[PDB]
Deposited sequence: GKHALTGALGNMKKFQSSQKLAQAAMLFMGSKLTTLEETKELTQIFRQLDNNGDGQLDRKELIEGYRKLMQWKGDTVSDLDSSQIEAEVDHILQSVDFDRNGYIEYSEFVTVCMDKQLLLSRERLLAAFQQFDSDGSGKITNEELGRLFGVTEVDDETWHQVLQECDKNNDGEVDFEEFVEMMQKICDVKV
C-alpha cells in the first residue's frame, strides 16, 4: 500500500522549471531528517533489488510487476510509466533514480514545504544575501555563470510578480505553492 502511494506519486510527478527543481531537490536531499523519511527509506529498499543506492529501469519495472502480482498490454503500460519516471524524477540525467531523487518526489509536499525548509533553501540560493535570487545564482546551482534566457523566463513567468527580474522570498514561496499545490 505504501508502495502503491510512492509509485502513484512518481506517476503524477511532472518536471518543472529549474529554480523549483533545485529547491525541491535541495530540501528533499539535504534538509529532511532520516527520521522524517524513514517510511520512504523502507519503500526504497523494497525497490532496490541490488542494494546500491539507486533504482535502474529493471528495478522500477519490477516494482510495478511486483504490485500487480500481468497482460502484454499492462507490461507496455508499465514500460510507459518508467519511461516517464526516468525523464521526470531523474534530475541529474544519469539514468537511475537515486534515493534522494526518490525521496524528493515521493514525500508529502505539505510535509516537505515547511517554512523553515523553504527559508533555508532560499538563503542557500541567495548567496550574496541581497534578499532576491538572480539568474546568476540559479546558474551557480547548475555549475554555470548564468542560465539561458528561456530557463530564466520560465522562472519569472511563474513568480516575478513585481517584474523586477529577480525572485524574492515571498515570490519563491508562491512559486513553490503552485508547483506543489500546497498552502505554506
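Coordinate coverage of the deposited sequence breaks at 1-2, 72-76, these segments carrying no C-alpha atoms.
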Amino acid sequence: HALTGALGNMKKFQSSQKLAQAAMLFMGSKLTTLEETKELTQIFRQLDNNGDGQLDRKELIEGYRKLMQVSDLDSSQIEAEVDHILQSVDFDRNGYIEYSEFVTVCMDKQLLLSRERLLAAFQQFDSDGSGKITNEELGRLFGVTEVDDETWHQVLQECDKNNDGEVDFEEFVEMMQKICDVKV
From here on, numbers count along this sequence of modelled residues.
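Between 13-21 and 160-168, the higher mean Cα B-factor belongs to 13-21. Relative to its counterpart among 78-86 and 101-109, 78-86 has the higher mean temperature factor, C-alpha atoms as listed in the PDB entry. Among 125, 26, 142, 152, the highest C-alpha B-factor recorded in the PDB entry belongs to 142. Residue 58: CA B factor lies in the highest third for its chain, per the PDB record. Looking at the C-alpha B-factors along this chain, the one for residue 67 belongs to the highest third. The PDB entry assigns residue 33 a C-alpha temperature factor belonging to the middle third of its chain's modelled residues.
When the modelled residues of the chain are ordered by their C-alpha B factor, residue 41 lands in the lowest third. The PDB entry assigns residue 146 a C-alpha temperature factor belonging to the highest third of its chain's modelled residues.
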